[PDB]
Ligand SMILES: CCCCCCCCCCCCC/C=C/[C@H](O)[C@H](N)CO
Ligand SMILES: CCCCCCCCCCCCC/C=C/[C@H](O)[C@H](N)CO
């Protein structure tokens, strides 16, 4: 009930056994660094 | 209202009068008529 | 003044009269209307809608199980599954549907009807049924070799789990009354029976008991005649 | 004579009927009319006029002091100065104004209202107030951080000693009834509260007690529905 | 199209209903017209 | 050609009877119009 | 070609492989209140991406002897998301909804759910007391269940006196475990007033009744859940003031 | 121009076409002849009730039919002519005797008191109409006696009468009907007087805010947009006229518009404003039979 | 007096003050005994064509 | 203090939408405000054996009953045509064929 608030897609099984969720580009800066940890978590992108 | 005057003959029921009467069923559509042979329109067809 | 004459019918109050009446509030402007979706203009829009049919209206069948006719793997062929009369004004299954509760407000009905049969069994379970509407005459058939002679349709299970048998308008008079019994059975419309065409074949590890939902509705040439006080409601004292 | 039929409604006397009546004086020519200034054609011209509001309608406030809300130098900030409900049909302050005494002759009212606040303090005394109209919901706010969320206007003192807060027409139905209480509170319109924005700053040798005159009126989209007998007058016997 | 059956004008019913308002004589009975969005004084 | 003797519209008798049906909003209230002779699914 | 379907609203999407149709209730889309029908003079607010999205309620386990569930709208969305906050801060609320109920099951399970909407689903007190001062009336939590949703006591009468058979006149859809696995319904704003409150009056209610009871052979999956998800479409709010939960 | 995600939808959120156009249907539908069709892939009988749409399998597509210029009428099925018939609404009992020193009777206008018309006007959820009221007034035995009566309409807000000769009966503003007991029934026409845009017989909600109990929730469902005032009746006199009187009210619904149909109630009524019933005695809509495959 | 028309199918009254007399749908004529005779017009109401 | 009422309308104070107001104002005109009859005066004619007068007299004065007086006194100068209606009963409220 807390996760449904973010971006999401409801995947149904059956034929076409693969769904594809697109993680959009939701950020403040135009770029995020590859390094994380410390005060670099300011560049974190969230959790799926 | 419109000034009127009641004349002799009010409230009487003349069994042979030719007048209108309030319908009971508004917006009524009877069963359609079909062609039944041997229609009689006047009793002079019977006297002959 | 103008000479007039009062005729029979004065001072009477005909509850169905179509006349004017002095308004109480002169120069009145009501609350303006807005667009409320789902406007109905004639009750024939309501008779066309499918509504479930209490066809399993037997004793010891309490609750929602009245809306379900059972289906099971029969060891004997040509066997009868269900039956009911097709008179909406009659008491019985049609007494639950909408067309059957609104055809009781009028006296005479005309036009064809339809009955949709939706299968609620498993997906791997197949079968065939024979839905036969028999015009008036004798009572319901004994065997299905007798029922096959009337109007009928052979329903196959699978995808598109619902078939719809249309009960045509087969009658002498242009209208049939809602009342039955006594010498009003002259207005009976016949009986519709659902027979096992072949069987209810089912693979292993799948329930052998399924259900069928019967829904009823009126066709596009349905029409009604003189109004009437329904007989489905009763009141003793005022509702205080 | 002409055949007629009497329908239900004969010989009745509908006090609000719009019909003719036989004159008593035939060939009558009344006294000619002259030009008398100040002709009123509809009561909506009367609802637009500002009239004072008995907003200080408390006990131990006898006389003309009911028309005055006091204002004084507050040592504590964010403090409440006055409050009243914005239902003209309700009993209370609006019961004194004209719009509120003429909205009782009709049942349902619609349209916005306005409330003018005229400051009657000294000239050297300044201040700011926050007038907040809160649509229906909970009761009046507790602090002004809660009241600032509704519709509001911040009134500055000085020249042009009167501000006017317009209570908009925020409602679900097109009309609200004049009756309140019980399950008629569904037609409540909210509460308007006057808070001390900053303070009532005053120089030396100037009174620290001033008053504010609240006047109420209807906006330009005010309208009324079905008439009604007012409930502000009572009579036991004939006035002989 | 309302009608009167008598030749006296004061026997008619609702001869003419009118929509004519003029609040500016009670709400703004002043000499110099105050503008709606300017300061009064 | 029905008539009303009072100037209030809500005193007339049966001002206009209409023949306007629209069952396709209760019988077929679906998005993609199902054909009458094709398979539904 | 017609079984597959994808709905997308706001930042959310819903796929489906076996549902085949989109029931548009009463053949009208959710739209904004036109100026010729509006009564409130203030300007409303229209987020259209903060509130217009698919909120997924909790799941209800369909048992062999279940009796059906009902939800009230917009009662369910009064404490979740920006919709909940807008409905708690605003007095006038208007919006259509898009319902989507999923109940998947193997090709060996059998059963049928009726998923319908009841405009103005007034519940009833079950009791033979005829005096209005001692008669039983449904409690607040029984009539406004909330996000949890409430269960029926006798669904044959829909807890409202009316029979369930004729309930098919409402915008409805079946979930037949042999053909489809989810049902969806787009319902517009159905009310006698342009706007209305969102915490006092619930425009309609959702009904899920297991008509054909769940039946399966031994060894299959016993936990068959039902999940509902709702998307308020073309939402407007007006009359802003402090937050009032109820 | 600078930001166009805001213009792309503003000029795309116009009236979306929801075509469900109806046509003027004067008479019932005829039929067209049909031969036998032995074709694959085109099946009008196979339907799918799971789509929420009703079957469209007509007669011509299923069995071989003739053609019939159906001339039957459909006018008596329109809701106008369905509600155009007056029915009992409420009855008041005015006992102006020596032991009953009241002199007046009062009736809260509520047509939900008698099942006959309630069952009809509750099959639709939102109704908007004009009413035509007719008051018959007799004694307890059914006799007419030349006593003049006054019916006053007290809208919500006005002061209700407090005595036989109280001042409220001056009816300076309230509409009132003076009629003798030996005259035709008094008939008036009342417009659509609700503050809302339509009467609703079911209001799934509460009138006011606040905390709502769970034991005696006597305020649930009671919409105020329905209550339209009060009806007071007295006999025009200064002293009591010793007679038992009974006034019956009949209402006709003209210029009707209905919205959002509703299942017709099956269980009996128990309360006026509330749709109560009893779970102990659930009256099934269909009468019971002996067996299922034994159609009587 | 009250004259009610009970078409075939409707419930016939069971008492002087039974509920059937509400005539919500059945046509009915209320008239006093000291008034002109009550006169109405009825159409061709047979289900057949004659 | 100018003696003029405030002219601050809605659009000039808060951000409003547009509404094609279709509400009616006809029931607010004084014509339809006074178009409803009300009680004015009541006379008591006791033609009994002890009251050997036989006639009653009433000075035409509508200021005797508050219900209509309160209305027609909100305006200072009025010019109109009246429509009088006389109901006449006994003390018990009975009608009896006496001319
Ligand atoms: C002097 C005339 C007195 C008779 C006229 C009284 C006014 C009648 C107002 C009727 C209001 C519409 C019909 C009533 C509908 C339902 O009773 C209410 N919605 C609640 O039940
Ligand atoms: C034979 C008919 C008798 C009834 C007609 C009597 C004449 C009525 C004259 C009414 C004069 C205008 C209305 C009266 C107004 C106020 O009562 C007076 N200005 C003083 O109160």
Over the alpha carbons of chain I, what is the largest minus smallest coordinate on each principal axis, giving the biggest first in Å?
-> 38, 28, 15
Label point 7 Å out from residue H:139 along Cα-to-Cβ: which residues of the range H:91-110 have amide N under 16 Å?
-> H:94-98
When the helices in chain B are scored as -39500 (n - 2.57) per DSSP H run of 4 or longer and the sum is shared across all residues, what 222 nm value do you end up with, to the nearest 500 deg cm²/dmol?
-> -1000 deg cm²/dmol
Per DSSP H run of at least 4 residues, take -39500 (n - 2.57); add these up for chain C, divide by its residues and hand me the 222 nm value, nearest 500 deg cm²/dmol.
-> -1000 deg cm²/dmol
Most mobile listed residue (H:122, H:39, H:143) in chain H, GNM with C-alpha springs under 10 Å = H:39
P(r) tail for the range G:1-135, what percent of Cα pairs lie past 27 Å?
-> 39
With label points built 7 Å along Cα→Cβ from the Cα atoms of residue F:38 and residue D:58, find their separation and express it in nm.
-> 7.7
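For chain J, what is the mean residue ellipticity at 222 nm derived from helices alone (per DSSP H run of n ≥ 4: -39500 (n - 2.57); sum divided by total residues; nearest 500 deg cm²/dmol)?
Numbers: 2 runs with 12 residues, N = 99.
Theoretical 222 nm ellipticity from helices: -2500 deg cm²/dmol.
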Scale the Cα Rg of the range G:156-202 by the rule-of-thumb value 2.2 N^0.38 Å and send over the ratio, two decimals.
-> 1.56
Just grab the label-to-label distance for residue J:55 and residue H:64, each label 7 Å out from Cα along the Cβ direction, in nm (one decimal).
-> 9.9
Provide the FRET efficiency to the nearest 0.05 for the residue I:48-residue B:19 pair, computing r from the beta carbons and using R0 = 41 Å.
-> 0.90
Take peptide D:101-112, look around each residue's Cβ out to 10 angstrom, count Cβ atoms belonging to other protein chains, and average those counts.
-> 5
The value for chain H (convex hull of the alpha-carbon atoms, volume per residue, Å³) is 340
Could you check how many percent of all C-alpha pairs in chain G are farther apart than 25 Å?
-> 45
Express the C-alpha Rg of the range C:1-120 as a ratio against the empirical globular expectation 2.2 N^0.38 Å, rounded to two decimals.
-> 1.84
Taking only the alpha-carbon positions of chain E and ignoring solvent, what does the Debye formula give for the base-10 log of I(q)/I(0) at q = 0.17, 0.23 Å⁻¹?
-> -0.63, -0.85
Would you work out if chain B is rounded, prolate or oblate? Take a ≥ b ≥ c from the square roots of the eigenvalues of the alpha-carbon gyration tensor; rounded if a/c is under 1.5, else prolate when a/b is larger than b/c, oblate otherwise.
-> oblate
Max mean-square fluctuation residue, GNM over chain H, Cα-Cα springs under 10 Å, options H:105, H:29, H:49 = H:49
How high is the relative contact order of chain G, in percent, counting Cα pairs under 8 Å that sit 6 or more residues apart?
-> 41
Here, the range D:112-156 modelled as identical Cα point scatterers in vacuum has Debye log10 I(q)/I(0) at q = 0.18, 0.22, 0.33 Å⁻¹ of -0.66, -0.87, -1.27
The alpha-carbon center of the range D:181-201 and that of the range H:128-176 are separated, in whole Å, by 39
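Please give the average number of partner chain Cβ atoms lying within 10 Å of the Cβ of each residue in H:246-256, rounded to a whole number. Working shown, then result.
Working: counts 0, 0, 4, 0, 8, 1, 6, 0, 9, 7, 1.
Mean inter-chain Cβ contacts per residue within 10 Å come to 3.
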Alpha-carbon centroid distance for the pair the range B:1-31 / chain A, whole angstrom = 83
What's the center-to-center distance, using Cα atoms, between the range H:227-296 and the range J:61-76 in Å?
-> 44
Taking only Cα atoms and a 10 Å spring cutoff, compute GNM fluctuations for chain H and point out the largest among H:51, H:173, H:78.
-> H:51
Take the Cα of residue J:79, step 7 Å along the line toward its Cβ, and report every residue of the range D:29-61 whose backbone nitrogen sits under 20 Å from that point.
-> D:29-43
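So what's chain J giving for Cα Rg divided by 2.2 N^0.38 Å, two decimals? Mind showing how you got there, number by number?
On the way: Rg = 24.0 Å, N = 99, 2.2 N^0.38 = 12.6 Å.
Expressed relative to 2.2 N^0.38 Å, the Cα Rg reads 1.91.
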Distance (nanometres) between label positions extended 7 Å along Cα→Cβ at residue J:87 and residue H:239 = 2.0
Taking all pairs of distinct Cα atoms, average 1/r, flip it, and tell me the Kirkwood hydrodynamic radius of chain D in Å to one decimal place.
-> 21.3
Per principal axis, largest first, the Cα atoms of the protein assembly as shown extend in Å by 119, 103, 58
Given all pairs of distinct Cα atoms, the range C:64-193 yields a Kirkwood Rh in Å of 16.0
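Neighbour counts run over all protein chains shown; Cβ positions are idealised from the backbone, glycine included. Read-outs throughout are calculated quantities, based only on the coordinates presented, and are distinct from any laboratory measurement.
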